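Architecture at a glance
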Protein chains: 8
Amino acid sequence: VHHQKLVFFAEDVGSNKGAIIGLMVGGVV
Amino acid sequence: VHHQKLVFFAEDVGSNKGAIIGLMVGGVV
Amino acid sequence: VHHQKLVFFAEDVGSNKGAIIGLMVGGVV
Amino acid sequence: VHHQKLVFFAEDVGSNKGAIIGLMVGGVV
Amino acid sequence: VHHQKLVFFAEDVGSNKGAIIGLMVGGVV
Amino acid sequence: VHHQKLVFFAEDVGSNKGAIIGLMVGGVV
Amino acid sequence: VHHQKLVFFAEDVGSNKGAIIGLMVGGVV
Amino acid sequence: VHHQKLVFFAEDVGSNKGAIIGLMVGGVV
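Here is what the cut-offs are and how they apply
Residues numbered from 1 in each chain as written, not as in the entry; some residues may be left out. Chains lettered and ligands numbered in written order. Heavy atoms only, no water. Core = buried A, V, L, I, M, F, W, Y, C linked by side-chain atoms within 4.5 Å. Buried < 20%, exposed > 50% of the residue type's maximum accessible area, 1.4 Å probe, protein only. Helix = DSSP H or I, 4+ residues; strand = E, 2+ residues; numbered from the N terminus. Contact = heavy atoms within 4.5 Å. Patch = residues over 30% accessible without salt bridge, like charges linked within 9 Å, V, L, I, M, F, W, Y side chains within 5 Å. Areas by Shrake-Rupley, 256 points an atom, 1.4 Å probe, with all protein chains shown as cover. Salt bridge = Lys/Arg side-chain N within 4 Å of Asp/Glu carboxyl O. Pairing = 2+ DSSP bridges. Buried area = accessible area lost by both parts, 1.4 Å probe. Nonpolar A, V, L, I, M, F, W, Y, C, P; charged D, E, K, R; others polar. Polar contact = N/O pair within 3.5 Å; in protein donor to acceptor, adjacent residues only side chain to side chain.

Method of determination, as annotated in the archive: solid-state NMR.

Shown next as structure tokens:
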């Protein structure tokens, strides 16, 4: 049977500060 | 507490030659 | 000898914002 | 929750010639 | 005497959005 | 359901005279 | 006493839609 | 012992490949 990609994301932003984050996401199989 | 976004993706990749499609995706409520 | 090309897609958009993605796609018989 | 887009395509070539066609295709729901 | 040139095609249309494709196509052996 | 078309093409162009033909074709089923 | 010509064709009649196409074909002399 | 509030995160990885993403997130002052 095929292996097919599902993903959960929630991004954290508030009052301007800085962190490790970024998001643009690519992947399959 | 925070709500999560559920997303599926499939990108198209074979015996290598190339196309326009693209994906690196990100965004929040 | 002949392979049939079949592909699944779903693009990601809700509420106007941005990401990097595109969809068009190419490959040929 | 909604359904996945399914794409099938055969491009017609035998013997070197020319035609009008394009494909780089995209859509969701 | 020559083998018969046979054309199969399907174009992608549904619920209104839009894509890049085109097709009106030609050839002979 | 609608009835399925089977059609074969080879195109007629020479020294200018005429007939009725054109061919660059799009369709489904 | 010259050698004869034969041809094969499929001519244009369908359930009405369009693309650029016709074949219904003949010559003189 | 100082008491601590907790947060859950998800980074996207199973099976080695890559993407541009992170969230592991903080702030100071």
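It is worth spelling out the nonpolar core at this point. Formed by 25 residues in total, the largest nonpolar core has its most connected members in C:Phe9, C:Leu23, C:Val25 and F:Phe9. Elements with a minimum of two residues in this core: strand 1 (5-9) of chain A, strand 2 (21-24) of chain B together with strand 1 (6-9) of chain C. Each residue touching C:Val25, except ones within four places of it in the same chain, is listed here: B:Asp12, B:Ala19, B:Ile20, B:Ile21, C:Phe9, D:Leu23, D:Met24 and D:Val25.

A few words now on a nonpolar patch on the surface. On the surface, A:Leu6, A:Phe8, B:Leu6 and H:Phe8 cluster together into a nonpolar patch covering about 470 Å² of accessible area. Its place among the elements puts B:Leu6 in strand 1 (residues 5-9). The exposed category is assigned to B:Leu6, whose relative accessible area is 60%.

Put simply, side chains in a regular strand alternate between the two faces of the sheet. In strand 1 of chain C, alternate side chains face the same way, and those of C:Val7 and C:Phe9 are buried while those of C:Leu6 and C:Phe8 on the opposite face are not. Relative to strand 1 (residues 5-8) of chain D, strand 1 of chain C runs antiparallel, the two being bridged by four bridges. If you follow C:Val7 over to strand 1 of chain D, its bridge partner there is D:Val7.

For the ten pairs of chains in contact, the largest share of contacts goes to chains D and E. Between chain E and chain H there is no contact; the minimum C-alpha to C-alpha separation amounts to 26 Å.

Between chain F and chain G, the contact holds 15 residues from the first and 13 residues from the second. When chain F packs against chain G, close to 1,200 Å² is buried across both sides, 67% of that on carbon and sulfur atoms. A class-by-class count of the residues in the side of chain F that touches chain G yields ten nonpolar, three polar and two charged. In the sheet, strand 1 (residues 20-24) of chain F pairs with strand 1 (residues 20-24) of chain G via five bridges, with the strands oriented antiparallel. Paired with F:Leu23 across the strands is G:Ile21, a residue of strand 1 of chain G.

Right, let's talk about unusual backbone geometry for a bit. Although it is not a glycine, G:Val29 sits at a positive phi angle of roughly 55°. Topologically, G:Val29 is positioned in the segment after strand 1.

Topologically, A:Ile20 is positioned in strand 2 (residues 20-24). When sequence neighbours within four positions are dropped, the list of residues in contact with A:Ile20 reads H:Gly22, H:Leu23, H:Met24 and H:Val25.

Further remarks concern the interface of chain D and chain E. Chain D puts 21 residues into the contact, and the matching count from chain E is 22 residues. Taking both sides of the interface into account, the surface hidden between chain D and chain E amounts to around 1,600 Å²; carbon and sulfur atoms contribute 58%. By the criterion of area lost to chain E, the three top residues of chain D are D:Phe9, D:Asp12 and D:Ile20, representing 31% of everything that side buries. Linking chain D with chain E are two salt bridges.

For the rest of this paragraph, the subject is the environment of G:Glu11. Residues and elements named next belong to chain G. Within the element layout of this structure, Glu11 appears in the segment before strand 1. Considered as a pair, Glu11 and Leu23 are twelve residues apart in the sequence and their alpha carbons are 4.6 Å apart. Once you skip the residues sitting within four places of it in the chain, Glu11 turns out to touch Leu23, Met24 and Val25. A polar atom in the side chain of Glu11 sits 2.9 Å from the backbone nitrogen of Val25.

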